[PDB]
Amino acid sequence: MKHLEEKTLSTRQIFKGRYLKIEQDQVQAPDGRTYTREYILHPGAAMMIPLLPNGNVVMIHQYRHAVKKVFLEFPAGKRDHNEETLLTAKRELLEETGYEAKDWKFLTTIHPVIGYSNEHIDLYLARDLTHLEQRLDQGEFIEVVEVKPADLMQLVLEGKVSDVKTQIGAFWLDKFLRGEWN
């Protein structure tokens, strides 16, 4: 769909905060005119759907100050210096929840902020789990929970799983558990 593409004419890093880095670009759009585009430079991420032998999934509660709310989430974290996201996922599953998994399957990649960040999140299904113990980062506060997939889907419908990556995980899990996508 080449007639929709925009051509980068210039880029700069316009701002660096404590955490957020902003790129500002001038682009040539399909009209041949120049427009500004601004977006966050993000390292990428992974998220894991950790399926226990008992059929429950391992989830977390975590407070997110950007939204001033505690969210139910699948474990996740940012990609460290261009590592494969499978490594990110293994590490985050262990650090946030204490689990390791013998069976990892890449499901899909999502883009959560197409208007203003280059973030992508690779979503994985982790099976054949065994437990060790949690190891949280400085400034990271997490409660680990087990959730029945049926209860999770009802929470989705009720608006109680508003975190996009985790809601998408729930729907992919549902497709997997029903044997539709497996």
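Numbers follow the displayed sequence, beginning with 1.
> Averaged over C-alpha atoms, is the B-factor higher for 131 to 139 or for 29 to 37 in this PDB entry?
Averaged over C-alpha atoms, the B-factors run higher in 131 to 139.
> For the higher mean C-alpha B factor in the entry, choose 140 to 148 or 116 to 124.
Looking at the recorded C-alpha B-factors, 140 to 148 comes out higher on average.
> Against its chain's modelled residues, does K69's Cα B factor rank lowest, middle or highest third?
Answer is highest: the recorded C-alpha B-factor places it there.
> Compare the C-alpha B factor of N82 with those of the other modelled residues in its chain, then answer lowest, middle or highest third.
CA B-factor rank for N82: highest third.
> Split the chain's modelled residues into thirds by Cα B-factor; is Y19 in the lowest, middle or highest one?
It falls in the top third of the chain.
> If you rank every modelled residue in this chain by C-alpha B factor, which third holds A89: lowest, middle or highest?
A89: CA B-factor falls in the middle third of its chain.
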